[PDB]
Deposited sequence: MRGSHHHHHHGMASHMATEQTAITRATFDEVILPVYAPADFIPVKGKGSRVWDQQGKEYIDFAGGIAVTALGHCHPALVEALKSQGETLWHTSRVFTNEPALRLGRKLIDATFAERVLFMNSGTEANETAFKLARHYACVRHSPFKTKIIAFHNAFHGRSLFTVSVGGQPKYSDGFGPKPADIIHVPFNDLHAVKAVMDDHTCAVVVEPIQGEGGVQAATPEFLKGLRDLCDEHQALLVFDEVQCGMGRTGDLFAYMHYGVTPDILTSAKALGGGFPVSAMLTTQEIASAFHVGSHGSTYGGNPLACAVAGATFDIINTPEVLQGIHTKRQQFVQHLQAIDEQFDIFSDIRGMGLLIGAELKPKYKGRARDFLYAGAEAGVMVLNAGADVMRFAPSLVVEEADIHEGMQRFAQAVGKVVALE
């Protein structure tokens, strides 16, 4: 079942980690619009970037570059393995470009028959026909007519299964370093390094979808940096624009040459993403993400001590998953709705897992107040 807000919960205003609806009810936001508003609502630096670029230039076509795109590209190139950056609007679009690029690179550099894409059960990569087919939930890709072929799914974290299906006809392995929608499941170190080794062996490209786990979410700028495994292609969105739709596909010159250092990028979007990048990619903010994770986790542990609802607390940085015990299997939506009644916005990650993806700069006072509200909601659900 999808989760939709009823007619009496329409957000009208946000500031920091607080949201107000049409009736003026105030909520603490631990959801971030699904890990998008990584610097909270109407952050003054992002508002300033939006307004100043908004007076100057909003739009160029892909025929032109613009100063905000150039500056953002340079920032991303300097901070990561990337040598080339392509900007788009959404994570779905960035993933489309990544997957097409892996396919095309294989086609032109090796063979038109080198087409297999390996992906993982419960993966989420977007809702376009190609991306949802690479995604690992057949319920979401069924019912749209013929899917793009040569996509093979195996279980996340099953390196043996990857080894078994990979071959010289394989062009890519596509993986979320942490599967956000798929129960907040993190890759193990041996699995992710194994993917890098298998891609090297088969001359396939390793594609990291960091749309959800990138741009500071894990407490490193990108999850790949936490793991110390470098992909061939990486995608980023959501937190990248802090609520403004923007995305990026990062790769090397060698790979991008199959298709300056940057291509595309809406001037307004890139100005906002530049401001977001400048704040997130700091020692102070990245350290604070770790401090804040532990504040949330301690609250979740306290709730569990009182109410006995969780079997596991997991995730990385400020992507937090809390798996419900068997006695509460399927109840994630109910805790989410009770949370909203109590004035706190949370997420699910499937029907058995609570998910939290607050602003990376969420104030300690908001953590405590929001988690008190969530405790109150838990009390109502399990009374």
Exercise for the section: Would you flag the ranges of the deposited sequence that the structure leaves without C-alpha positions? Expected result: 1 to 32, 292 to 296, 421 to 422
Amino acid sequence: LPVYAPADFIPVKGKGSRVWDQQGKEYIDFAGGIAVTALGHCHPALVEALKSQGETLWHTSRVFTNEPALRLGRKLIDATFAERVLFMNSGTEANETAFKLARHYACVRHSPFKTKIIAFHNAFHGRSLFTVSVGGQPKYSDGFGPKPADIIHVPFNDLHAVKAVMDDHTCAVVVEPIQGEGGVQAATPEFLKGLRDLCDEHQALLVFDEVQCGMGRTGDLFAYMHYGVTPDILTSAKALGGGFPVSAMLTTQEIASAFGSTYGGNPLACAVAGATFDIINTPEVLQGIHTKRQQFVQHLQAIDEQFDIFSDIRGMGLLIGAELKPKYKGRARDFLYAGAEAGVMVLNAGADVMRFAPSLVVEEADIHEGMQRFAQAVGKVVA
From here on, numbers count along this sequence of modelled residues.
Practice task
Determine, for stretches 97 to 105 and 283 to 291, which one has the higher mean CA B-factor as deposited.
Solution key: 283 to 291
Problem - Entry-level comparison of average CA B-factors, 301 to 309 and 272 to 280, reporting the higher stretch - result: 301 to 309
Fill in the blank from the handout: Per the deposited entry, the peak Cα B-factor within the set 251, 230, 262, 92 goes to 262
Handout entry: Per the PDB entry, maximal CA B factor within 347, 316, 344, 49
Key = 316
Fill in the blank from the handout: Assert third(CA B-factor, residue 144) within chain per record equals lowest
Exercise for the section: Within this chain's modelled residues, let me know which third the CA B factor of residue 68 belongs to: lowest, middle or highest. Expected result: middle
Problem - Cα B factor band for residue 158 (lowest, middle or highest third within the chain) - result: middle
Problem - Cα B factor band for residue 356 (lowest, middle or highest third within the chain) - result: lowest
Practice task
Could you say whether, by C-alpha temperature factor, residue 168 belongs to the lowest, middle or highest third of its chain?
Solution key: highest
